[PDB]
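Just one chain follows, in the form deposited in one PDB entry, and it is written as structure tokens.
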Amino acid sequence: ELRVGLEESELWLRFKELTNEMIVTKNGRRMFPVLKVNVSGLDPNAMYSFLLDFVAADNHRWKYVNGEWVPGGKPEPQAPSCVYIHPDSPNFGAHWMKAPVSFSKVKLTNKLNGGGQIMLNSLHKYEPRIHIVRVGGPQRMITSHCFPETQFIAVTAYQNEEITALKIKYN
């Protein structure tokens, strides 16, 4: 059985209990914490690409009102985010299983842009998701996994100073 686990869940949960925020910029900002995933049960000899996307967790716009995040009343359907291909892709199962798979180079933007960067809507809430795609073999297969612990709201600047403090303390 293919097993997907979150590395450093301890720390993600401190961010989540405060409501996590991730900065987006026109050029694209790297994430902290970085999503790092433990994977076991791949075929060491099979070929895989690791893909990352962001599910809109709800259909609403969020605002930080009197020290508290609150959703708008006017949902709109959220078109799915673009997919980020891990730079190590494509690679053997052994490669992916020898150390946590770290998405350190993904950049989150608010503007449709050249390449690499993933465009999110500011003040929407997102749930990171990976796809593990068996490639080059005869039998294409996909395994997907969500990480509720890594939910955040996309912001152009931090609203909750308790987030600002955690980000610095642990970077």
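Rigid core (definition): largest C-alpha set, two forms, superposition within 1.5 Å. We number the residues from 1 along the sequence you see.
Omitted here: the form deposited in another entry. The next part is about that form.
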{"property": "Comparing forms between this form and the one not shown after core superposition, the one residue of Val55, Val135, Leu51, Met119 displaced by 2 Å or more at CA", "result": "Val135"}
{"property": "Core-aligned CA displacement of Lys74 at least 2 Å between this form and the one not shown", "result": "yes"}
{"property": "Pairwise C-alpha change, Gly137 versus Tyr48, in the other entry against this form - closer or farther, 3 angstroms or more", "result": "farther"}
{"property": "Distance trend in the other entry - C-alpha atoms of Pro80 and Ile132, change of 3 Å or more", "result": "farther"}
